[PDB]
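Each remark here refers to the structure printed beneath this line.
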4 protein chains.
Amino acid sequence: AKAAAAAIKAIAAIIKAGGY
Amino acid sequence: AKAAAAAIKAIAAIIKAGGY
Amino acid sequence: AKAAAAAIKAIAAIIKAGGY
Amino acid sequence: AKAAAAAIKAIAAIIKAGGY
């Protein structure tokens with residue numbers, strides 16, 4: 001469940017930034 | 001899609017490290 | 001990398017619905 | 001965070017199938 005912050009909190013912010 | 005193998009890299013590795 | 005706007009695009013909504 | 005091994009399990013298979 002560590003994974004289930006750290007990966008998500010990266011990706012849901014990197015999505016916003018990345019412009020996917 | 002430029003965001004892809006710039007985030008996904010740092011995610012598919014983090015999946016493994018995270019232990020999903 | 002064209003795997004992009006199919007995968008993440010669903011997943012960013014599935015995130016919001018998932019309550020991650 | 002129980003949204004994890006539903007949406008992640010899709011994504012880690014969509015990665016493999018997608019060729020990111």
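In the structure tokens, the first chain shown is A, the next is B, and so on; residue numbers restart at 1 for each chain, and ligands run from 1 in the order shown.
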
Mind dumping a table of every chain D residue within 10 Å of chain B, with the nearest atom pair and its distance in Å to one decimal, using only C-alpha atoms, sorted by chain and rising number, as a tab-separated table?
residue	atom	partner	partner_atom	distance
D:4	CA	B:20	CA	7.6
D:5	CA	B:20	CA	6.7
D:8	CA	B:20	CA	7.6
D:9	CA	B:20	CA	8.2
D:11	CA	B:12	CA	9.2
D:12	CA	B:12	CA	7.2
D:15	CA	B:12	CA	8.1
D:16	CA	B:12	CA	9.9
D:19	CA	B:5	CA	9.9
D:20	CA	B:5	CA	6.2

Dump of C-alpha atoms for the selected residues, as a PDB file, in the first residue's frame:
ATOM      1  CA  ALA D   4      -4.767  -0.370  -6.434  1.00  0.00           C
ATOM      2  CA  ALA D   5      -4.634  -3.967  -7.688  1.00  0.00           C
ATOM      3  CA  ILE D   8      -2.759  -1.146 -11.566  1.00  0.00           C
ATOM      4  CA  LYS D   9      -3.316  -4.734 -12.719  1.00  0.00           C
ATOM      5  CA  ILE D  11      -2.100  -0.806 -16.308  1.00  0.00           C
ATOM      6  CA  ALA D  12       0.784  -3.219 -15.794  1.00  0.00           C
ATOM      7  CA  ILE D  15       2.036  -1.538 -20.430  1.00  0.00           C
ATOM      8  CA  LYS D  16       3.118  -4.995 -21.572  1.00  0.00           C
ATOM      9  CA  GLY D  19       4.911  -1.443 -25.571  1.00  0.00           C
ATOM     10  CA  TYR D  20       5.748   1.698 -23.647  1.00  0.00           C
TER      11      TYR D  20
END

Could you pull out the residues in chain D that DSSP calls helix (DSSP H, G or I) from the backbone, as a count of residues only? 15
